[PDB]
Amino acid sequence: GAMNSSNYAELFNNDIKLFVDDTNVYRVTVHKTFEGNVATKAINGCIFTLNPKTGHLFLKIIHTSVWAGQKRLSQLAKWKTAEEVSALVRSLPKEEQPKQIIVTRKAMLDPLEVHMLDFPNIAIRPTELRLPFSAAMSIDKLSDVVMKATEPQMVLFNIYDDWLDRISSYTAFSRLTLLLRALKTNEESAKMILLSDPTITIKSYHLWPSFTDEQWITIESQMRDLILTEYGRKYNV
Amino acid sequence: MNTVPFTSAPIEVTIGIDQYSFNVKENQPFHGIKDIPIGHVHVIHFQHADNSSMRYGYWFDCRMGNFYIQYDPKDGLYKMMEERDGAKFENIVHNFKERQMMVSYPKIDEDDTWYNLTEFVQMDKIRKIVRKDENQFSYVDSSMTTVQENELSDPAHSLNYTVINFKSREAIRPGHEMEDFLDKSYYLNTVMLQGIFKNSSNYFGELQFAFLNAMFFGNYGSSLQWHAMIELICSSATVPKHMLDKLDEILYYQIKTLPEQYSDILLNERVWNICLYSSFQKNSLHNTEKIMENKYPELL
């Protein structure tokens, strides 16, 4: 059933699983038409398919051309997500295929169950966790590859960079969800925290800066403070 | 007009014949039901006074043989049996009739209710859902599980309704996942109507039979089957006009006949709200929508 606080450690066991987030699949700007009506213009999107254990990210870029002449786009986006996840699983070798797929939004369960009928042994699960994977497009390099795409494209990243050399999956996932939670609450402030010291850079083959273990503690602390400040404002408490 | 004689009534029991029912006292000189309309299936059904659990009964058609009821004190129930000796049977009936120990099937002349509930129900189709090929009549009770319920455990005592599963390879063509899930027309028209049932009459007969089993026995899997067969039609954008017209009539008489006090257990809120208000056929069930709105507005 549903993935929650009670069964959190299951994410870091040796059964292959993937999170699927469809938040950024269908993206629009709303604008006024000449006649003063409202219209949307789609922009490039992406499916966020993450192995929480390894950090392997399957960033499937959703090019605006997939919406051309289609109706009920927010509905179609869920089925297009399920089609692309199904295709990704079918493309993996058997020993790499997940045992579970966890969807971050319950509206993905039926579309993904129906697309995965050929895989009865792959459990499709919801989550009670409020995961901040919507903020993936606040990671400059993921944002850059999505917006530059001129056709459908699958790009592979490790969202943990080289962290697993020094820390466990559990700690790497906590760090990723804290960074994404900060980027989601106050993007400008989060990004300032991450680059404020010019001497710490992002390696060409990484997404995040090359922080020492002590600098990660300072950053993580600054991210927790940012999140509470913002929460104090939101709620006046 | 045909007769089902009873050897006796040794235990106190509420006897049903179709939509009618009669209380019989322990050792009351009751010897059966006469004037049963030829041309329809019928169901005789039982609920013991001393254990109102296990409603059970027999689907039969009087054109297929001479049937009687006899209490078996070992198995503790009223059993249907066939009398193969025509002259013995007519002589039993004529005697009981002369001594007026039979109740008369109480059909009002104006009243087409039983015809309307059984319009497409065929005894040969019942015998394929309820497999006991040595009898011409079919036993059903409250507790018998369906083949679908058993998959998700004695196959001999199963109800073999056609399995309907909206999230199955049977229901979803590879590469038409979204189309077939949101518009079940291919599942209804190609798989079920052309493929399995062959025609809408067999589909309606199973639907009507699932309903009657739900209503007369409180058979839970029958209720699931009735709702599934309604939902498959309502969730299809493309249905022949004649099927929609007939479905409205079928459902109207089912809703009309349902005991008012059983709508809480026998009717599924989600299916009915979806079929009448959200589905493709939301506007195609005028009679059904009007009786549901006027008789069960709480459920909606």
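As recorded in the PDB header, X-ray crystallography is the method behind this entry, and the stated resolution is 1.5700 Å.

## A closer look at the packing of aromatic side chains
Taken as a whole, this structure holds 41 aromatic pairs over all chains when the rule is applied. A ring pair is formed by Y56 of chain B and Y58 of chain B, whose centres lie 6.5 Å apart and whose planes are at 90°; its orientation type is edge-to-face. Across this residue pair, the class does not change: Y56 of chain B and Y58 of chain B are buried. Pairwise contacts between aromatic rings join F6, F30, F46, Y56, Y58, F60, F67, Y71, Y78, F137 and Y139 of chain B into one cluster. A cation over a ring is seen here: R175 of chain A above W163 of chain A, with NZ or CZ 4.8 Å from the ring centre. Sitting over the face of the ring of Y186 of chain B, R173 of chain B holds its NZ or CZ atom 4.0 Å from the ring centroid.

## Side note on the sheet that holds strand β2 (residues 13-17) of chain B
All names here are of chain B. Here we have five strands laid out as an open sheet, ordered β3-β2-β5-β6-β10, and antiparallel in their pairing. Across the chains shown, the open sheet's two edge strands, defined by having one partner strand only, are β3 (20-24) and β10 (138-141). Strand-to-strand twist across the sheet, computed as the mean angle between neighbouring axes with direction ignored, equals 20°. Pairing geometry for β2 and strand β5 (residues 42-48), over five bridges, is antiparallel. Within β5, the residue paired with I15 across the bridge is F46. Running at roughly 145° to strand β6 (residues 51-60), helix α7 (residues 200-217) makes contact with β5, β6 and β10 of the sheet.

## Structural notes on the pattern of salt bridges
Residues and elements named next belong to chain A. According to the stated counting rule, one finds 22 salt bridges over all chains in the structure shown. Among the salt bridges present, the one from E187 reaches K191, with a minimum N-O distance of 3.5 Å. Placement of both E187 and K191 in helix α5 (residues 187-195) is noted, with a separation of four residues, approximately one turn of the helix. The exposure class assigned to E187 is partly exposed, which follows from its relative accessible area of 36%. Taken together, the salt bridges that share partners define one network made up of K60, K80 and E84.

## What to know about a nonpolar patch on the surface
Judged by side-chain polarity, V28, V30 and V38 of chain A come together as a nonpolar surface patch covering roughly 260 Å² of accessible area. Residue classification places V30 of chain A among the exposed residues on the basis of a relative accessible area of 58%.

## Concerning the interface of chain B and chain A
Across the boundary between the two partners, chain B contributes eight residues, which contact nine residues of chain A. Where chain B abuts chain A, roughly 900 Å² becomes buried across the two surfaces, and 68% of that area is made up of carbon and sulfur atoms. Contact with chain A buries surface across chain B, with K167, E177 and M178 of chain B losing the most and accounting together for 60% of the total. Counting across the interface, chain B meets chain A through three salt bridges.

## Some remarks on the domain arrangement of chain B
Residues and elements named next belong to chain B. Considered domain by domain, chain B is made up of domain 1 (1-143) and domain 2 (144-300). Computed over C-alpha atoms, the centres of domain 1 and domain 2 are 28 Å apart. Contacts between domain 1 and domain 2 engage 28 residues on the former and 30 residues on the latter. Buried surface at the junction of domain 1 and domain 2, both sides included, amounts to about 2500 Å², of which 64% is carbon and sulfur. A per-residue breakdown of the area domain 1 buries against domain 2 is headed by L117, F120 and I129, which together make up 31% of the total. At the surface where domain 1 touches domain 2, the tally comes to one salt bridge. Those elements giving two or more residues to the side of domain 1 that touches domain 2 turn out to be β5, β6, α2 (113-118), α3 (123-129) and β10. For the side of domain 1 that touches domain 2, the per-class residue count stands at 12 nonpolar, nine polar and seven charged.

## Some words on unusual backbone geometry
Although it is not a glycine, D161 of chain A adopts a positive phi angle of roughly 45°. Mapped onto the fold, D161 of chain A is located in the loop between β8 (153-158) and α4 (169-185). Overall, the relative accessible area of 11% leaves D161 of chain A in the buried class. At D18 of chain B, a residue that is not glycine, the phi angle is positive and equals roughly 55°. Positionally, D18 of chain B belongs in the loop between β2 and β3.

## Describing helix α6 (residues 213-235) of chain A
In an α-helix, one turn spans 3.6 residues; hence positions three or four apart end up facing the same way. Residue and element names in this part refer to chain A. Relative to the 33 Å expected for 23 residues at 1.5 Å per residue, α6 spans 33 Å between its end C-alpha atoms, a close match to the ideal helical length. By the burial criterion, the buried members of α6 are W216, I219, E220, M223, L226, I227, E230 and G232. Where α6 is buried, its residues contact α4 and α5.

## Focus on the pairing of strand β7 (residues 66-72) of chain B
Moving residue by residue along a regular strand, the side chains alternate between the two faces of the sheet. All names here are of chain B. A large share of β7 lies buried, amounting to five of its seven residues. As judged from the seven bridges shared by β7 and strand β8 (residues 77-83), these two strands associate in the antiparallel manner. Paired with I69 across the strands is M80, a residue of β8. Linking β7 back to β8 in an antiparallel pair, the connection comprises four residues, with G76 at a positive phi of about 70°.

What counts as what
Residues numbered from 1 in each chain as written, not as in the entry; some residues may be left out. Chains lettered and ligands numbered in written order. Heavy atoms only, no water. Residues with missing side-chain atoms left out of burial classes, pairs and counts. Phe/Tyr/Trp six-rings, centres within 6.5 Å; stacked < 30°, edge-to-face > 60°. Buried < 20%, exposed > 50% of the residue type's maximum accessible area, 1.4 Å probe, protein only. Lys NZ or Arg CZ within 6 Å of the ring centre and 35° of its normal. Pairing = 2+ DSSP bridges. Helix = DSSP H or I, 4+ residues; strand = E, 2+ residues; numbered from the N terminus. Axes fitted to C-alpha atoms, helices over the stretch in contact; angles between N-to-C directions. Contact = heavy atoms within 4.5 Å. Salt bridge = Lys/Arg side-chain N within 4 Å of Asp/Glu carboxyl O. Patch = residues over 30% accessible without salt bridge, like charges linked within 9 Å, V, L, I, M, F, W, Y side chains within 5 Å. Areas by Shrake-Rupley, 256 points an atom, 1.4 Å probe, with all protein chains shown as cover. Buried area = accessible area lost by both parts, 1.4 Å probe. Domains from an automatic or database assignment. Nonpolar A, V, L, I, M, F, W, Y, C, P; charged D, E, K, R; others polar. Expected span 1.5 Å × (residues − 1).

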